[PDB]
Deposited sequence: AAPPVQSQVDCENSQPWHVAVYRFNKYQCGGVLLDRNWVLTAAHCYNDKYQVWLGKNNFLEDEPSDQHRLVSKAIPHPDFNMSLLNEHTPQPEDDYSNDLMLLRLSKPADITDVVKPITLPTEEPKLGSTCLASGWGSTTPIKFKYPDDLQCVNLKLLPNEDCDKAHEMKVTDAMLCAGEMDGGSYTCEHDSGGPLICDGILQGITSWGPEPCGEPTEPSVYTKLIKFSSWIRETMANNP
């Protein structure tokens, strides 16, 4: 019954990214997951599932396409909207999800899909792990304070803090990063007007 908005973007010969369904026609993933061909698998093939082909790929212009590993790399504006060729069917396993309204509070509990309980940490905790460049247009989340930690990294996957969509997983070492080192997600409010625009101008 868990996370119905999640989608798998079969990028053919490249690594399988994740994504969020925002509308019956729109899927939102990461720009670095860009490829020529795409196939979007929604749902839990075995029908409960759903698979649509993509008819339009639209990365943010303000992204560096040369990035398709060094610590002075700006993954800023890592966002992409994929439009399905036929609409997704709403079922008890496939549901869309709304763009953020309110600002994310530091210290909030967030979920993340060779589902995890994260905490929204201050951007500095990310900066100190010299992996990539961390900017105001990104969020920092880390799984915290237990004995054992998990190994997941779903590029383009949703970061849902306190019930609402707050981010989208940006770059990070795969399958997983290091034992206590946080991951960086693309802050969504900051790009809200862009998504609503690309969605109302490409139907």
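Taking the first deposited residue as 1, the stretches without any C-alpha atom are 1-12, 57-60, 62, 86-89, 135-141, 143-151.
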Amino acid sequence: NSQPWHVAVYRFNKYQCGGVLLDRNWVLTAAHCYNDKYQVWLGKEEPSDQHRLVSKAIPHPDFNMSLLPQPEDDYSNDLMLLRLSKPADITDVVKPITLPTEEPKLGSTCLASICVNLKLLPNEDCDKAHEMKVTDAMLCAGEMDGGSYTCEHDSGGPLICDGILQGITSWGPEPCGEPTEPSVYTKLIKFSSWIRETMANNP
From here on, numbers count along this sequence of modelled residues.
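Here the stretch with the larger average CA B-factor, out of 26-34 and 170-178, is 170-178. On average the C-alpha atoms of 179-187 have higher B-factors than those of the other stretch, with 179-187 and 15-23 being the two compared.
Across the residues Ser55, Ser48, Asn64, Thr150, the deposited record lists the maximum Cα B factor for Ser48. Within the listed group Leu84, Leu118, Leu81, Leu106, the record reports its top CA B-factor for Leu118. Annotation for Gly146: CA B-factor lies in the highest third of the chain's modelled residues. Placement of the Cα temperature factor of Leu68 within the chain: highest third of the modelled residues, per the deposited record. The deposited CA B-factor of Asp162 belongs to the lowest third of values across its chain. Ranked by Cα temperature factor within the chain, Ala137 sits in the middle third according to the deposited record.
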